[PDB]
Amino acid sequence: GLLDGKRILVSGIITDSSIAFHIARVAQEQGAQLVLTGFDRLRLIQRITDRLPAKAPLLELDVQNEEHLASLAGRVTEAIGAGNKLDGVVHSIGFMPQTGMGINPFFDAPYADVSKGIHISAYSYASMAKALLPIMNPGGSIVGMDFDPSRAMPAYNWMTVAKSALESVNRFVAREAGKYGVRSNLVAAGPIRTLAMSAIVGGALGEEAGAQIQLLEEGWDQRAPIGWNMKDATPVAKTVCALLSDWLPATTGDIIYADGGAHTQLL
């Protein structure tokens, strides 16, 4: 097992097609003992996570709640047992109000909406790291989920801005995490058909947005020298596991592209 005996917190499970669902699944298949956090529908998350190959305690964490964050390390050492520490943290959390993404014009997202999106999608990566670094082992590993924001793209709008901020946060958390013997890195995934992503191709955020996102995915798979299957999250899940393992021991403040090699190719 790649992850044998490691104890690892995985956030971000909301449905069984959440990228964090598959990260959890692969991590357990690989020997890891998990603690899970979930945001707002804990009954639902409890029922989805019943499906994982092994039981895992589930704690509530709303990344905008000072109090949840303040108590987090206590609730975790409670769940894993006093004198035990975390080897791994997975941040797989993201959100942008719909005004920052539609065919809703880029200049019309108001700042309260984008600030909410950056709070949850970028800043929260530092918050998690602050709450959890005190309970991590030397040799530990924090991983977040990224979508390559280095060129602008249609429809993603402020969510791309949010990702740009995240990558920058990640280089700072790596500075802090290093004092603990801990790595911090991002996985830049190719587009994956979550519920939300399907809703958007189906037009939930405007028809032209849906059309641009559909073209985005097809181009991705054409460029990728090994192809990209948007319906299969397990290559991303394996990549997060690769970072949680002892096999990337000199990589930090960094970004690993789990995207079919698409970003390396112009067409």
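For clarity, a rigid core is taken as the largest C-alpha set superposing within 1.5 Å between two forms. Numbers for residues come from their place in the sequence shown, where the first is 1.
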What stretch shows more C-alpha movement in 8 other deposited structures of this protein relative to this form, 139 to 147 or 96 to 104, after the core is superposed? 96 to 104
The stretch whose C-alpha atoms carry the larger average B-factor in the entry, 126 to 134 or 184 to 192, is 126 to 134
With B-factors read from the PDB entry, the higher C-alpha mean of 68 to 76 and 140 to 148 is in 68 to 76
Largest Cα B-factor, entry values, listed residues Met159, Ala82, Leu166, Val173: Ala82
When the CA B-factors of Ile118, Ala177, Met101, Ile93 are compared as recorded in the entry, which is the largest? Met101
Third assignment of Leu52 from its chain's C-alpha B-factors: highest
Sorting the chain's modelled residues by C-alpha B-factor, tell me whether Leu3 ends up in the lowest, middle or highest third. highest
Chain third (lowest, middle, highest) by recorded CA B-factor, residue given as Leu267: highest
Report the third (lowest, middle or highest) to which the CA temperature factor of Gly206 belongs, ranking only the modelled residues of the same chain. highest
Ranked against its chain, the third holding the CA B-factor of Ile226: lowest
